[PDB]
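According to UniProt numbering, the sequence shown is numbered sequentially starting from 627.
No residue lacks a Cβ here, since even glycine has one placed at the ideal position from N, Cα and C.
Okay, so here's the structure we're looking at.
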Amino acid sequence: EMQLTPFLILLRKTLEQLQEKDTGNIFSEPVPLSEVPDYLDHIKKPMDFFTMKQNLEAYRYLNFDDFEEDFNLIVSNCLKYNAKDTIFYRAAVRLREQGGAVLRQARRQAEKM
Ligand SMILES: O=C1CNc2ccc(C(F)(F)F)cc2N1
C-alpha cells in the first residue's frame, strides 16, 4: 500500500549496498559458462547482481520478498555449485551474513512506507 517510485529507490540503494559486500565482484555478473561449462547441470536458475539490476529496472521486483528471493539465489547457487573448502563457498556464506543484515534494515524502511 505504498508508492512505487520510493520503493524502487530503496531497492536500488539496497542492491548497491549488497554489491558493496561482494568485494571480489564474484557475484556482479553471471557465472561465466566459458570458464564453468558444466555450471547449468544442476543450477537451474543462475542469478547475479547485474541480472537483479535489470530485473529491478524492468519493474520485476514489486515487493521486498521477490527482490530478496533473487539475492538468496545468488547465495544458494554458489553454496550448491562449489565445494565447501573453496573461496567461492566461503564468500557466499559471508555474503549471506552481511547481506542478511542489509536486507533486514532495508525491509524495516520499506515497512515504514
Ligand atoms: O559460483 C561462482 C561464483 N562466480 C564465479 C565467477 C567466476 C568464476 C570463474 F570465472 F570461473 F572463475 C567462477 C564463479 N563461480
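task = Output the residue ranges of the alpha helix (DSSP H) runs that lie fully inside the UniProt domain "Bromo" (628-732) and measure 4 residues or longer, sorted by chain position.
result = 630-647, 675-683 and 690-707
task = Report the rounded CA-to-CA distance for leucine 688 versus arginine 733, giving the unit in angstroms.
result = Position 62 of the sequence shown, counting from 1, holds the residue named residue 688. Position 107 of the sequence shown, counting from 1, holds the residue named residue 733. So the alpha carbons of these two residues sit roughly 13 Å apart.
message = Can you tell me whether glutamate 694 is buried or exposed? The criterion is at least 16 other CB atoms within 10 Å of its CB, across all chains shown.
response = Within the sequence shown, residue 694 is the residue found at index 68, counting from 1. Buried: at least 16 other Cβ atoms inside 10 Å.
request  = Report the rounded CA-to-CA distance for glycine 726 versus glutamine 629, giving the unit in angstroms.
outcome  = In the sequence shown, the residue the question calls residue 726 occupies position 100. In the sequence shown, the residue the question calls residue 629 occupies position 3. Between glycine 726 and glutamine 629, the C-alpha separation is close to 24 Å.
ask   = Between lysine 738 and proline 632, what straight-line distance do the alpha-carbon atoms span, to the nearest angstrom?
value = Here residue 738 is taken as the residue at index 112 of the sequence shown, counted from 1. Here residue 632 is taken as the residue at index 6 of the sequence shown, counted from 1. So the alpha carbons of these two residues sit roughly 11 Å apart.
inquiry  = Classify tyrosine 707: buried if its beta carbon has 16 or more other beta carbons within 10 angstroms, exposed otherwise.
reply    = Counted from its first residue, the sequence shown places residue 707 at position 81. Buried, since its Cβ has 16 or more Cβ neighbours within 10 Å.
query = Taking the C-alpha atoms as reference points, what is the distance between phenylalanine 675 and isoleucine 652?
reply = For the purposes of this step, residue 675 is taken as residue 49 along the sequence shown, with counting starting at 1. For the purposes of this step, residue 652 is taken as residue 26 along the sequence shown, with counting starting at 1. The alpha-carbon atoms of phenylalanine 675 and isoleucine 652 are separated by roughly 10 Å.
task = Confirm, please, whether the CB-CB distance from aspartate 648 to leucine 729 is below 8 Å.
result = Along the sequence shown, one-based indexing puts residue 729 at 103. Along the sequence shown, one-based indexing puts residue 648 at 22. No, these two residues do not count as a Cβ contact at 8 Å.
inquiry  = Is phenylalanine 714 a contact residue of ligand 1, with contact defined as CB to any heavy atom under 7 Å?
reply    = Translated into positions along the sequence shown, residue 714 becomes position 88. Of the heavy atoms belonging to ligand 1, at least one sits nearer than 7 Å to the Cβ of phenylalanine 714.
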